[PDB]
Amino acid sequence: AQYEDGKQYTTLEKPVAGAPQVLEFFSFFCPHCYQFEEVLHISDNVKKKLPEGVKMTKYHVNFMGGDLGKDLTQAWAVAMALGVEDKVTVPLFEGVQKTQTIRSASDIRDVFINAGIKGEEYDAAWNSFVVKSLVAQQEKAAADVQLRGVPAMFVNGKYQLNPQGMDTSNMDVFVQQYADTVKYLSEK
């Protein structure tokens with residue numbers, strides 16, 4: 001066929017029931033994730049080709065950057081709770097990987113303060129049990145799929161994108177091929 005298991009994707013031998021339709025994992029420590037977000041805008045271009053009625057989920061993982069990685073998973077939980085994903089994603093990436101000004105929870109917090117979230121509001125979210133189960137969710141979802149590397153995308157708990165198997169000579173072509181694949185997987 002044109003889309004083959006082992007080529008543009010792989011199939012999980014143990015499928016994950018009740019999984020988000022389109023589930024994406026990343027880490028602010030992950031260099032390819034930085035590319036996926038800042039240069040390629042993968043999440044966005046995928047959304048642009050998805051059907052109607054399909055929900056797009058993105059979770060952070062712990063297994064990169066030790067203590068700060070875990071902190072960053074709680075902060076993404078806060079970001080999700082407050083709905084400020086789009087106002088912190090870029091400064092978080094650039095503070096971890098570009099400028100290297102993120103070294104502690106407190107620096108993570110500064111990014112939110114600078115993005116206009118109120119101190120009070122952030123600290124309350126950070127400590128809320130609405131944030132704890134959102135952290136738990138992020139962990140559960142990764143655990144459910146044997147996650148050992150990012151970036152990673154899963155479709156209907158059953159298919160995992162394989163970007164390694166797509167051409168990378170042209171960035172735009174890589175993205176559309178990536179997105180078209182998710183669409184195909186989506187319809188399968």
# chains A, B, ... in the order shown; residues from 1 in each chain; ligands from 1
$ closest_atom_pairs --of "range 79-116 of chain A" --to "range 27-41 of chain A" --cutoff "12 Å" --atoms "only C-alpha atoms" --output "JSON lines"
{"residue": "A:86", "atom": "CA", "partner": "A:37", "partner_atom": "CA", "distance": 10.9}
{"residue": "A:88", "atom": "CA", "partner": "A:28", "partner_atom": "CA", "distance": 11.1}
{"residue": "A:89", "atom": "CA", "partner": "A:37", "partner_atom": "CA", "distance": 8.4}
{"residue": "A:90", "atom": "CA", "partner": "A:38", "partner_atom": "CA", "distance": 7.3}
{"residue": "A:91", "atom": "CA", "partner": "A:28", "partner_atom": "CA", "distance": 10.0}
{"residue": "A:92", "atom": "CA", "partner": "A:28", "partner_atom": "CA", "distance": 6.8}
{"residue": "A:93", "atom": "CA", "partner": "A:28", "partner_atom": "CA", "distance": 5.3}
{"residue": "A:94", "atom": "CA", "partner": "A:34", "partner_atom": "CA", "distance": 8.3}
{"residue": "A:95", "atom": "CA", "partner": "A:28", "partner_atom": "CA", "distance": 9.0}
{"residue": "A:96", "atom": "CA", "partner": "A:29", "partner_atom": "CA", "distance": 6.5}
{"residue": "A:97", "atom": "CA", "partner": "A:29", "partner_atom": "CA", "distance": 6.7}
{"residue": "A:98", "atom": "CA", "partner": "A:34", "partner_atom": "CA", "distance": 9.7}
{"residue": "A:100", "atom": "CA", "partner": "A:29", "partner_atom": "CA", "distance": 10.7}
{"residue": "A:102", "atom": "CA", "partner": "A:28", "partner_atom": "CA", "distance": 10.5}
{"residue": "A:103", "atom": "CA", "partner": "A:29", "partner_atom": "CA", "distance": 11.7}
{"residue": "A:108", "atom": "CA", "partner": "A:28", "partner_atom": "CA", "distance": 11.1}
$ residues_around --residues "residue 57 in chain A" --least-positions-apart "5" --cutoff "7 Å" --atoms "only C-alpha atoms" --output "ChimeraX atom specification"
/A:20,22-24
$ write_last_selection --atoms "C-alpha atoms" --output "mmCIF file, in the first residue's frame"
data_model
loop_
_atom_site.group_PDB
_atom_site.id
_atom_site.type_symbol
_atom_site.label_atom_id
_atom_site.label_comp_id
_atom_site.auth_asym_id
_atom_site.auth_seq_id
_atom_site.Cartn_x
_atom_site.Cartn_y
_atom_site.Cartn_z
ATOM 1 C CA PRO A 20 -7.601 10.308 23.347
ATOM 2 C CA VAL A 22 -5.007 12.275 18.836
ATOM 3 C CA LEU A 23 -2.515 12.092 21.682
ATOM 4 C CA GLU A 24 0.843 13.845 21.574
#
$ atom_distance --atom1 "CA of residue 13 in chain A" --atom2 "CA of residue 142 in chain A"
15.6 Å
$ residues_around --residues "range 154-156 of chain A" --least-positions-apart "4" --cutoff "12 Å" --atoms "only C-alpha atoms" --output "ChimeraX atom specification"
/A:9-12,15-26,46,50,54-59,141-142,144-147,150,160-162,179,181-188
$ write_last_selection --atoms "N, CA and C atoms" --output "short mmCIF file (atom, residue, chain, number, x, y, z; two decimals), in the first residue's frame"
data_model
loop_
_atom_site.label_atom_id
_atom_site.label_comp_id
_atom_site.auth_asym_id
_atom_site.auth_seq_id
_atom_site.Cartn_x
_atom_site.Cartn_y
_atom_site.Cartn_z
N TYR A 9 4.07 4.71 10.19
CA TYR A 9 3.58 4.45 11.53
C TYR A 9 3.90 3.03 11.96
N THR A 10 3.61 2.73 13.22
CA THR A 10 3.73 1.39 13.73
C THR A 10 2.45 1.12 14.48
N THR A 11 2.15 -0.14 14.74
CA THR A 11 0.94 -0.46 15.48
C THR A 11 1.30 -0.99 16.85
N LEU A 12 0.59 -0.55 17.87
CA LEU A 12 0.83 -1.09 19.20
C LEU A 12 0.25 -2.49 19.23
N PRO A 15 -3.05 -2.45 22.33
CA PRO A 15 -3.85 -1.22 22.13
C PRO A 15 -4.42 -0.67 23.41
N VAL A 16 -4.57 0.65 23.44
CA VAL A 16 -4.99 1.37 24.63
C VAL A 16 -6.43 1.88 24.49
N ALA A 17 -7.36 1.12 25.06
CA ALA A 17 -8.77 1.49 25.06
C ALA A 17 -9.02 2.82 25.75
N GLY A 18 -10.07 3.51 25.30
CA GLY A 18 -10.52 4.77 25.88
C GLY A 18 -9.54 5.92 25.77
N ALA A 19 -8.55 5.76 24.90
CA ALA A 19 -7.48 6.75 24.70
C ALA A 19 -7.95 8.00 23.93
N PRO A 20 -7.27 9.13 24.15
CA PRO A 20 -7.60 10.31 23.35
C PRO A 20 -7.45 9.98 21.86
N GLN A 21 -8.26 10.61 21.02
CA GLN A 21 -8.20 10.40 19.58
C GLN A 21 -6.81 10.68 19.04
N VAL A 22 -6.34 11.90 19.25
CA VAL A 22 -5.01 12.27 18.84
C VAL A 22 -4.22 12.69 20.08
N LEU A 23 -3.24 11.88 20.45
CA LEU A 23 -2.51 12.09 21.68
C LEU A 23 -1.05 12.35 21.39
N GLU A 24 -0.54 13.47 21.87
CA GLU A 24 0.84 13.85 21.57
C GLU A 24 1.66 14.01 22.87
N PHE A 25 2.87 13.47 22.88
CA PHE A 25 3.78 13.61 24.02
C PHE A 25 5.01 14.43 23.71
N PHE A 26 5.44 15.24 24.67
CA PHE A 26 6.65 16.00 24.45
C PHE A 26 7.40 16.26 25.74
N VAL A 46 -1.43 19.42 11.97
CA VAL A 46 -2.26 18.25 12.15
C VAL A 46 -3.71 18.65 12.39
N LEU A 50 -7.32 17.49 10.45
CA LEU A 50 -8.21 16.56 11.11
C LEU A 50 -9.66 16.85 10.77
N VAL A 54 -12.99 15.75 16.28
CA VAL A 54 -11.81 15.10 16.82
C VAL A 54 -11.01 15.99 17.76
N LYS A 55 -10.74 15.46 18.94
CA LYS A 55 -10.03 16.21 19.96
C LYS A 55 -8.55 15.88 20.03
N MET A 56 -7.79 16.96 20.21
CA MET A 56 -6.34 16.93 20.15
C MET A 56 -5.76 17.13 21.56
N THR A 57 -5.07 16.13 22.08
CA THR A 57 -4.47 16.21 23.40
C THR A 57 -2.95 16.23 23.39
N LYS A 58 -2.32 17.08 24.21
CA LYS A 58 -0.86 17.06 24.32
C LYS A 58 -0.36 17.02 25.75
N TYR A 59 0.46 16.01 26.08
CA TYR A 59 1.01 15.82 27.42
C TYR A 59 2.56 15.91 27.53
N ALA A 141 -1.26 8.18 30.85
CA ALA A 141 -1.31 8.07 29.41
C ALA A 141 0.02 7.62 28.82
N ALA A 142 1.12 8.12 29.36
CA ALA A 142 2.45 7.74 28.88
C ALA A 142 2.72 6.30 29.28
N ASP A 144 0.63 3.98 29.82
CA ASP A 144 -0.24 3.10 29.05
C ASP A 144 0.37 2.65 27.72
N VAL A 145 1.26 3.47 27.17
CA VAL A 145 1.80 3.19 25.85
C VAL A 145 3.29 2.93 25.82
N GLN A 146 3.89 2.60 26.96
CA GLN A 146 5.27 2.15 26.93
C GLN A 146 6.18 3.29 26.50
N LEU A 147 5.89 4.50 26.95
CA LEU A 147 6.60 5.63 26.38
C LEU A 147 8.02 5.77 26.89
N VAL A 150 10.30 10.79 23.06
CA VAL A 150 9.50 11.89 22.52
C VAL A 150 10.31 12.58 21.45
N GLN A 160 1.08 4.59 16.25
CA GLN A 160 2.11 5.53 16.64
C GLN A 160 2.84 6.06 15.41
N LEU A 161 2.91 7.38 15.29
CA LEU A 161 3.57 8.00 14.14
C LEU A 161 5.02 7.61 14.10
N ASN A 162 5.53 7.43 12.89
CA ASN A 162 6.93 7.09 12.71
C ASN A 162 7.65 8.10 11.79
N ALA A 179 1.06 15.08 8.71
CA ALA A 179 -0.31 15.42 9.04
C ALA A 179 -1.30 14.55 8.26
N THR A 181 -0.66 11.68 7.27
CA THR A 181 -0.65 10.37 7.90
C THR A 181 -1.60 10.28 9.06
N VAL A 182 -1.59 11.29 9.93
CA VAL A 182 -2.48 11.30 11.10
C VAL A 182 -3.92 11.24 10.62
N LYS A 183 -4.20 11.92 9.51
CA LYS A 183 -5.54 11.97 8.97
C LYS A 183 -5.93 10.57 8.52
N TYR A 184 -5.05 9.94 7.75
CA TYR A 184 -5.26 8.55 7.32
C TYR A 184 -5.47 7.62 8.50
N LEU A 185 -4.60 7.73 9.51
CA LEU A 185 -4.72 6.90 10.70
C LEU A 185 -6.05 7.15 11.40
N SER A 186 -6.40 8.42 11.51
CA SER A 186 -7.68 8.88 12.03
C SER A 186 -8.92 8.19 11.45
N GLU A 187 -8.89 7.95 10.14
CA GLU A 187 -10.03 7.43 9.37
C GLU A 187 -10.08 5.91 9.33
N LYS A 188 -9.02 5.30 9.84
CA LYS A 188 -8.78 3.88 9.62
C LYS A 188 -9.78 3.02 10.37
#
$ closest_residue --among "A:71, A:172, A:121, A:5" --to "residue 135 in chain A" --atoms "only C-alpha atoms"
A:71
$ select_by_dssp --residues "range 146-188 of chain A" --states "strand (DSSP E or B)" --output "list in words"
residues 152, 153, 154, 155, 159, 160 and 161 of chain A
$ closest_residue --among "A:63, A:52, A:99, A:132" --to "residue 77 in chain A" --atoms "only C-alpha atoms"
A:132
$ residues_around --residues "residue 167 in chain A" --least-positions-apart "3" --cutoff "12 Å" --atoms "only C-alpha atoms" --output "number ranges by chain"
A: 7-8, 162-164, 170-178
$ write_last_selection --atoms "N, CA, C and O atoms" --output "PDB file, in the first residue's frame"
ATOM      1  N   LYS A   7       6.151   1.817   8.286  1.00  0.00           N
ATOM      2  CA  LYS A   7       6.685   2.894   7.446  1.00  0.00           C
ATOM      3  C   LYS A   7       6.404   4.307   7.937  1.00  0.00           C
ATOM      4  O   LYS A   7       7.313   5.031   8.357  1.00  0.00           O
ATOM      5  N   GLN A   8       5.141   4.702   7.915  1.00  0.00           N
ATOM      6  CA  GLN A   8       4.797   6.041   8.350  1.00  0.00           C
ATOM      7  C   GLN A   8       4.228   5.943   9.747  1.00  0.00           C
ATOM      8  O   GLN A   8       3.982   6.951  10.416  1.00  0.00           O
ATOM      9  N   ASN A 162       5.534   7.435  12.890  1.00  0.00           N
ATOM     10  CA  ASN A 162       6.928   7.095  12.714  1.00  0.00           C
ATOM     11  C   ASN A 162       7.645   8.097  11.785  1.00  0.00           C
ATOM     12  O   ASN A 162       7.892   7.851  10.608  1.00  0.00           O
ATOM     13  N   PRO A 163       7.993   9.249  12.335  1.00  0.00           N
ATOM     14  CA  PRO A 163       8.538  10.330  11.514  1.00  0.00           C
ATOM     15  C   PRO A 163       9.839   9.961  10.856  1.00  0.00           C
ATOM     16  O   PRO A 163      10.154  10.497   9.799  1.00  0.00           O
ATOM     17  N   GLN A 164      10.562   9.030  11.458  1.00  0.00           N
ATOM     18  CA  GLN A 164      11.768   8.467  10.859  1.00  0.00           C
ATOM     19  C   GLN A 164      11.532   7.978   9.427  1.00  0.00           C
ATOM     20  O   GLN A 164      12.451   8.004   8.610  1.00  0.00           O
ATOM     21  N   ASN A 170      12.729  18.460   2.662  1.00  0.00           N
ATOM     22  CA  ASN A 170      11.934  19.666   2.631  1.00  0.00           C
ATOM     23  C   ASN A 170      11.077  19.663   3.886  1.00  0.00           C
ATOM     24  O   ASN A 170      10.327  18.712   4.116  1.00  0.00           O
ATOM     25  N   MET A 171      11.206  20.680   4.725  1.00  0.00           N
ATOM     26  CA  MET A 171      10.440  20.718   5.964  1.00  0.00           C
ATOM     27  C   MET A 171       8.910  20.743   5.785  1.00  0.00           C
ATOM     28  O   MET A 171       8.178  20.173   6.577  1.00  0.00           O
ATOM     29  N   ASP A 172       8.446  21.477   4.787  1.00  0.00           N
ATOM     30  CA  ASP A 172       7.032  21.635   4.542  1.00  0.00           C
ATOM     31  C   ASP A 172       6.432  20.295   4.115  1.00  0.00           C
ATOM     32  O   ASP A 172       5.336  19.920   4.511  1.00  0.00           O
ATOM     33  N   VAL A 173       7.208  19.560   3.335  1.00  0.00           N
ATOM     34  CA  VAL A 173       6.786  18.285   2.824  1.00  0.00           C
ATOM     35  C   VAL A 173       6.755  17.302   3.992  1.00  0.00           C
ATOM     36  O   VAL A 173       5.848  16.487   4.090  1.00  0.00           O
ATOM     37  N   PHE A 174       7.692  17.430   4.925  1.00  0.00           N
ATOM     38  CA  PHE A 174       7.677  16.555   6.096  1.00  0.00           C
ATOM     39  C   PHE A 174       6.395  16.743   6.910  1.00  0.00           C
ATOM     40  O   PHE A 174       5.725  15.779   7.282  1.00  0.00           O
ATOM     41  N   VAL A 175       6.055  17.996   7.180  1.00  0.00           N
ATOM     42  CA  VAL A 175       4.843  18.326   7.927  1.00  0.00           C
ATOM     43  C   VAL A 175       3.565  17.824   7.266  1.00  0.00           C
ATOM     44  O   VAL A 175       2.766  17.152   7.905  1.00  0.00           O
ATOM     45  N   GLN A 176       3.375  18.111   5.979  1.00  0.00           N
ATOM     46  CA  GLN A 176       2.122  17.702   5.330  1.00  0.00           C
ATOM     47  C   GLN A 176       2.004  16.183   5.279  1.00  0.00           C
ATOM     48  O   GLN A 176       0.924  15.618   5.480  1.00  0.00           O
ATOM     49  N   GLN A 177       3.141  15.530   5.101  1.00  0.00           N
ATOM     50  CA  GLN A 177       3.170  14.087   5.082  1.00  0.00           C
ATOM     51  C   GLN A 177       2.860  13.531   6.458  1.00  0.00           C
ATOM     52  O   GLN A 177       2.145  12.553   6.586  1.00  0.00           O
ATOM     53  N   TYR A 178       3.390  14.187   7.487  1.00  0.00           N
ATOM     54  CA  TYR A 178       3.113  13.822   8.873  1.00  0.00           C
ATOM     55  C   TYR A 178       1.629  13.959   9.152  1.00  0.00           C
ATOM     56  O   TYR A 178       1.030  13.110   9.789  1.00  0.00           O
TER      57      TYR A 178
END
$ atom_distance --atom1 "CA of residue 51 in chain A" --atom2 "CA of residue 84 in chain A"
24.4 Å
$ residues_around --residues "residue 116 in chain A" --least-positions-apart "3" --cutoff "10 Å" --atoms "only C-alpha atoms" --output "PyMOL selection string"
chain A and resi 84+87-88+110-113+119
$ write_last_selection --atoms "N, CA and C atoms" --output "compact mmCIF listing (two decimals), in the first residue's frame"
# COMPACT_ATOMS: atom_id res chain seq x y z
N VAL A 84 -3.68 28.22 29.36
CA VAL A 84 -2.69 29.16 28.87
C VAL A 84 -1.57 28.46 28.12
N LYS A 87 0.39 30.49 25.59
CA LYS A 87 1.10 31.68 26.01
C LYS A 87 2.39 31.33 26.73
N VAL A 88 2.57 30.05 27.04
CA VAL A 88 3.78 29.64 27.74
C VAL A 88 4.63 28.66 26.97
N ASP A 110 8.37 32.20 36.61
CA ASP A 110 8.58 33.56 36.09
C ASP A 110 7.99 33.65 34.68
N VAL A 111 8.11 32.55 33.94
CA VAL A 111 7.63 32.54 32.56
C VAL A 111 6.13 32.80 32.53
N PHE A 112 5.40 32.20 33.46
CA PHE A 112 3.96 32.41 33.58
C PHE A 112 3.62 33.82 34.02
N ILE A 113 4.34 34.31 35.03
CA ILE A 113 4.15 35.69 35.50
C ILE A 113 4.37 36.65 34.35
N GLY A 119 0.35 35.79 39.98
CA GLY A 119 1.10 35.04 40.96
C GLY A 119 0.20 34.12 41.76
$ atom_distance --atom1 "CA of residue 107 in chain A" --atom2 "CA of residue 130 in chain A"
22.3 Å
$ residues_around --residues "residue 74 in chain A" --least-positions-apart "3" --cutoff "10 Å" --atoms "only C-alpha atoms" --output "JSON, numbers by chain"
{"A": [60, 61, 62, 68, 69, 70, 71, 77, 78, 79, 80, 105, 125, 126, 127, 131, 132, 134, 135, 136, 138]}
$ write_last_selection --atoms "C-alpha atoms" --output "CSV table (one decimal), in the first residue's frame"
chain,number,residue,atom,x,y,z
A,60,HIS,CA,4.5,16.5,28.9
A,61,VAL,CA,6.7,13.7,30.2
A,62,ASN,CA,9.0,13.2,33.2
A,68,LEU,CA,13.1,20.0,36.5
A,69,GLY,CA,11.4,17.6,34.1
A,70,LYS,CA,8.9,16.6,36.8
A,71,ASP,CA,8.4,20.3,37.6
A,77,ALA,CA,-0.8,20.6,34.1
A,78,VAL,CA,-1.2,24.2,35.4
A,79,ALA,CA,-1.0,25.5,31.8
A,80,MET,CA,-3.8,23.1,30.9
A,105,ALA,CA,10.5,25.8,39.6
A,125,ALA,CA,-3.3,26.2,40.4
A,126,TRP,CA,0.2,24.7,41.1
A,127,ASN,CA,-1.0,23.4,44.4
A,131,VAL,CA,-3.6,19.9,38.9
A,132,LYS,CA,-2.5,16.7,40.7
A,134,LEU,CA,-4.0,16.3,35.6
A,135,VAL,CA,-0.3,15.4,36.3
A,136,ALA,CA,-1.6,11.8,37.1
A,138,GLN,CA,-0.2,12.8,31.9
